[PDB]
Structures are given as structure tokens and as C-alpha cells.
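Heads up, the chain below is alone and in the form deposited without the ligand; it's given as C-alpha cells.
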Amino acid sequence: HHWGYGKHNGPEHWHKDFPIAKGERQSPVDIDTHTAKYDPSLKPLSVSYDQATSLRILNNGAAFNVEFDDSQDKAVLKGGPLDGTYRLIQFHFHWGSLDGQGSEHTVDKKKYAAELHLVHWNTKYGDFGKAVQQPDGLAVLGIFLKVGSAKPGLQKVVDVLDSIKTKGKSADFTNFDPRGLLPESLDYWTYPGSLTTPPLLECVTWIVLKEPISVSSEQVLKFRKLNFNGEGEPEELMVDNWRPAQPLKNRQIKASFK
């Protein structure tokens, strides 16, 4: 009986095995746009993905991860509220059973159809494992997804989902360019937070883009065909794999614009 998104093992149950669930800097959070403050101290954000080397896509039972080669400085995130260089290790999404929900962060309580998380670790810590033992070990770039026109750069991901339908399945996924998932603007909100799935470690500097990307109904509908279960087990559609907004507590959300 492990954690999940159901009635008996969902987000409201996580604190029992992971006490930090009720911590001081948990994510996601609602982004109250009128409370956020423009921060002049924020340096320009740098997203360098031209050398990104994707390797595989995996259904881990919670979502599907597109993994990258992080043995060298290729795809990195720098600038903004960040000090140093953060290396891309994987990206995944969170989505709902309907277009009206799915995102983890919300904007003035608005829920988007999905949310993309590009996960990076601080290179000064040597590895992802050591990085998650530091308060500034990770940087996650969050991007909202709304339903409308199709996102060409997402189609290659959508088309391979049929090959990793169940938990534990993986497939080669080389030469995928994450630059095709980014909106035009890099305006963002930033705050200190945590991982949104167990172990819910508080080592994340969150950078959430204001501009969402548009994906087609057809594209997100295929996300909903994935399974939480493993092959040969009763089918449980992988939907609503998102954690709700958590208490902001002693934190302030800063804006890079205005």
C-alpha cells in the first residue's frame, strides 16, 4: 500500500510516511498575481537546451519521465533567481481527467489542463542524490498547458506513449528537443519550494512561466490513456496525478516582470 493519487493513498495521506508534507516550504502553491512583487534583483533567465541529449522515456507509475544525459553540462538552466548552473535531468507532466484541472500550481486559483516540470540539479553538488540534500539543490521550470491549438514539439512524446502504457515500462527516446515545449516569453514567478511527490524534499527553487503553451485536446487525451498500474493488473487510468496547492506560509513569490 504505497502512495498514489487515490482516495486511500492520495495527497492527504502522504504526511503519514512523509511528515515533511506539512513542512514550511511545500509545493505547489497558488500564485496570487496581485500579491507577487516584481523583483529588480532578478538576473536574466538563461535556458540553454541546444545541446540537450534525451535518452529514454519511462512510465514510473506517477507520470512519464523523459530522461536526459546529465553526465556533462549540456542542457542547463542559469540566471534568474539562480546562483550557479543547474543541469537538466528529466521532465514530466501532471494532468487531469478533464481540461478544467491538472496543473499543480494555480494562478489566482485558476487550474490549467496540465503542467510541465523540467527538473534540474545544482552542479556544485556533483549528483542529483547529493543535490536533494541541499536547500538549493534543485531548480524546476514549470510551464502551464492549456487546451487549444496543438503543440508540434510535443507530438513526438504523445506518439510513444502507447509503448509505455503501464508502470515500469520504458522506451528509447533519443534526439528529442525540449526547446519545442517552451512558450515565447520567459517571464516568470519564483519562490522556494519542494518536490511535489514523495519524498517531497524541500530543495527546489521554483521558476514558473507566466505564458502557458497550448496543446490540442487530442494530445492531452492521449496522456489520459496511460496507466498507473503495471502490466497485467486492473486498469487504472493515469489521470489527476497532481498535488493540490499547499500553504504559502512564510514565503513571498517574486515576479520577473513589470
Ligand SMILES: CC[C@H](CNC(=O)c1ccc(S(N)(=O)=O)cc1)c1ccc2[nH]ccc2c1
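Heads up: residue numbers just count along the shown sequence, starting at 1.
There is another form of the same protein, the form deposited with the ligand bound; it is not shown, and what comes next is about it.
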Quiz item: Counting only non-hydrogen atoms and a 4.5 angstroms cut-off, does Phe223 reach the ligand in the deposited bound form?
Solution: no
Quiz item: Is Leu42 a contact residue for the ligand in the deposited bound form, using a 4.5 Å heavy atom cut-off?
Solution: no
Exercise. Give a yes/no on whether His92 approaches the ligand to within 4.5 Å in the deposited bound form, heavy atoms considered.
Key: yes
Quiz prompt | is_contact(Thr190, the ligand) in the deposited bound form, heavy atom dist at most 4.5 Å | solution = no
Quiz prompt | Position in contact with the ligand when the complex is considered in the deposited bound form, options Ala114, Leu181, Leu77, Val140, heavy atoms within 4.5 Å | solution = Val140
Quiz item: Taking the ligand in the deposited bound form, which residues of 94-132 have any heavy atom within 4.5 Å of it?
Solution: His94, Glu104, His117, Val119, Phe128
